[PDB]
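**Student:** here goes the first bit of my complex:
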Amino acid sequence: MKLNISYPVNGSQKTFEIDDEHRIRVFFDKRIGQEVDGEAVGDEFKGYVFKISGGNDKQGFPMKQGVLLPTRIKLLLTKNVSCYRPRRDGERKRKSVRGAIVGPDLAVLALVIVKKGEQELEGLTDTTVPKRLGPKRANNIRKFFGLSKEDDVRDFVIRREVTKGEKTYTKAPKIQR
Amino acid sequence: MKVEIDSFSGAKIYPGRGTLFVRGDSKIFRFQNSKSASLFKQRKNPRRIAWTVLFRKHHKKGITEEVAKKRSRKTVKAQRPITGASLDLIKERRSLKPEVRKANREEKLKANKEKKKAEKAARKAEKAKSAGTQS
């Protein structure tokens, strides 16, 4: 199967392809959230720890934490939940969903790195990726800089440069509260 | 090869053992032997048959090892760039201690104090014009 690995310290991610039943099999009967020590899966990932988070079987149905089961089942789903985005106020749909227990019926495992191993993984540890948007509400700026209700925000807000060609500009949020 | 479990007794079923019933709906049932099979047919309730996993669970028989198993952990690490912020801008920014902040600060804080009262007199300006600005 294909592994979907995220390094959420850097905000990085890359996919990996494992053929070899014995290399995979380490993931079997493991549930969502279980940790998995790395070396078993490869020599690259030696030491690395993975917390499983979800992923898809063939036919593409998403896993859903909490089901248990290594099979698929059809559930009534509601507002505020995984694997369902409601079309209408108070709409519920009965939908197929995959169990949270890993089997070889999965096209893709979704892992999140919890501990770094002894060696670097290129697109993941080597590369590092900027947090798209900065604090907008007053006291969140105060916190992301540690400030006191003294320091005055305005000159602490983020300032994003972007060019008109020969006119390079500067846009900041609009503080709230 | 899989070990199924007896759906009346919770017993381990190894390949070849017992039987598999397929009900009208399509609920599949597996029995490990003809005892569980029979008790199922008599419409017995596993929860009241004492040798079953189900009864044993419902009566807190056993466990003890589970009320003993507790703890374990390990966690964390460090820092990644943000695009328009290399780890270096992030070191440089973070590092600089209060007295440069106050410095920087009270400079700008005086610097545009000038701009404010300047624009203000600018108002009265386009207004002693606009309470004039004749023929």
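**Tutor:** Ah, there it is. Residues are numbered from 1 along each chain as shown, chains lettered A, B, ... in the order given.
**Student:** excluding its backbone neighbours, what's nearest residue B:58?
**Tutor:** Nearest residue to residue B:58, sequence neighbours excluded (Cβ to Cβ, 6 or more residues apart in numbering or on different chains): residue B:47, at 5.3 Å. In this view, the C-beta of every residue, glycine as well, is placed from N, C-alpha and C.
**Student:** please list the residues of chain B that sit near chain A.
**Tutor:** Applying Cβ under 8 Å from any Cβ of the partner chain, we find that chain B lies next to chain A at B:74-85, B:87, B:105, B:108-109.
**Student:** pull the longest helix from chain A.
**Tutor:** Counting residues, the longest helix found in chain A (DSSP state H) is helix A:138-145.
**Student:** continuing past it, what's the next helix or strand?
**Tutor:** Remark: after helix A:138-145, the chain's next helix or strand is strand A:160-163, criterion DSSP states H and E.
**Student:** show me what that following strand packs onto, helices and strands only.
**Tutor:** Packing partners of strand A:160-163 (3 or more Cβ pairs under 8 Å, 6 or more residues apart in numbering or on different chains; DSSP states H and E): strand A:168-171.
**Student:** and RNA strand C, same structure:
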RNA sequence: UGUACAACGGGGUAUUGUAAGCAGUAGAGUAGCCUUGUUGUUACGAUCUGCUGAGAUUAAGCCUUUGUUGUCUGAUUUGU
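**Tutor:** One more piece, RNA strand C, placed on the ones above:
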């Protein structure tokens, strides 16, 4: 006279489904007696819970065995 054999005992394997005894502010209640109830007690009460996957049975054509105990030359024939 044995790396013997047997009877028992032990362990394993099985079957059934939780023994007897004791205990219980478990139990629909009824009825007595009192100091009349921050848990009153006495009688009776199917059943329920705990000790208790307990107890019973297990070669009679199951497996095993560092234990206990015992046994170990009676009869009849046969020759080119």
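**Student:** once more on what packs on strand A:160-163, with RNA strand C this time?
**Tutor:** Other helices and strands packing on strand A:160-163, by 3+ Cβ pairs under 8 Å, 6+ apart, are strand A:168-171.
**Student:** buried sites along the strand it packs on?
**Tutor:** Judged by neighbour count (16 or more other Cβ atoms under 10 Å in any protein chain shown), strand A:168-171 contains no buried residues.
**Student:** is it up against chain B anywhere?
**Tutor:** No. Shown here: strand A:168-171 not in contact with chain B (Cβ under 8 Å from any Cβ), separated by at least 11.8 Å.
**Student:** identify the residues contacting that strand?
**Tutor:** The contact list for strand A:168-171 (Cβ atoms under 8 Å, 6 or more residues apart in numbering or on different chains) reads A:159-163.
**Student:** in the sheet, who's paired with residue A:108?
**Tutor:** Under the criterion DSSP bridges, residue A:108 forms beta bridges with residue A:2, residue A:56.
**Student:** for it, give me its contacts.
**Tutor:** By Cβ under 8 Å, 6+ apart, the contact list for residue A:108 reads A:1-4, A:55-56.
**Student:** tell me how many other residues crowd residue 112.
**Tutor:** With no chain named, the answer covers chain A. If you count neighbours by other Cβ atoms under 10 Å in any protein chain shown, residue A:112 ends up with 17.
**Student:** try again with chain B
**Tutor:** Residues near residue B:112, counting by other Cβ under 10 Å: 11.
**Student:** include this sequence as RNA strand D:
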RNA sequence: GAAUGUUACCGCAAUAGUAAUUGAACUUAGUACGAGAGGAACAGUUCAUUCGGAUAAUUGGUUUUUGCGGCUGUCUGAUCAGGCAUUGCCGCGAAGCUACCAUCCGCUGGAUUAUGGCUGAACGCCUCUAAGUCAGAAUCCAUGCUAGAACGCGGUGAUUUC
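**Tutor:** One more chain to add, RNA strand D, which I have set with the ones above:
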């Protein structure tokens, strides 16, 4: 099972018996053939039918395991624990037996028949035949399988003091 010295172990094989059977699917192929409509087979593959010989891991049947439990009526003062009810009745039930109700196994060489042929006279031609000869069937004979002649047999061990 007496008698071939006694007793034992390992063997030979005369004779007699003997067994396997039939279908389909895939593929060959929408091919050969055919105006079209239609429409095969050999080799290779997977299964099945009827038969047969075993076997009991498994599943199922049987139950005096009177093995465990439950139940009615009576009897032993009660309890415990038991008797009787032609095996009192019910649920489960090991083992054994056992079912296309379960699973496994069912050999390969020759020689021929019909027939088609080769060479070839009779008859200087011709001819599969007269002499000679090739190929050839669910056939036959062997291989294999079962008994083993109690008047068929081989090799081998030990052969008596009380």
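**Student:** try what packs on strand A:160-163 again now we have RNA strand D.
**Tutor:** Under the contact criterion of 3+ Cβ pairs under 8 Å, 6+ apart, strand A:160-163 touches strand A:168-171.
**Student:** list the neighbouring strands of the strand it packs on plus their orientation.
**Tutor:** strand A:160-163 (antiparallel).
**Student:** how far off centre is the partner strand?
**Tutor:** When distances are taken as Cα atoms, centre = their mean, to the nearest Å, strand A:160-163 is centred 28 Å away from the chain's centroid.
**Student:** that older thread, do the longest helix of chain A and chain B meet?
**Tutor:** No. Interface with chain B: helix A:138-145 contributes nothing (Cβ under 8 Å from any Cβ), its closest point being 9.1 Å away.
**Student:** and the longest helix that chain B contains, how far from the chain's centre?
**Tutor:** The longest helix of chain B (DSSP H) is helix B:113-128. Offset of helix B:113-128 from its chain centre (Cα atoms, centre = their mean): 54 Å.
**Student:** ditto for stretch B:30-47
**Tutor:** 41 Å.
**Student:** and the contacts of it?
**Tutor:** For stretch B:30-47, contacts defined as Cβ under 8 Å, 6+ apart pick out B:4-13, B:17-21, B:29, B:49, B:52, B:54-55, B:58.
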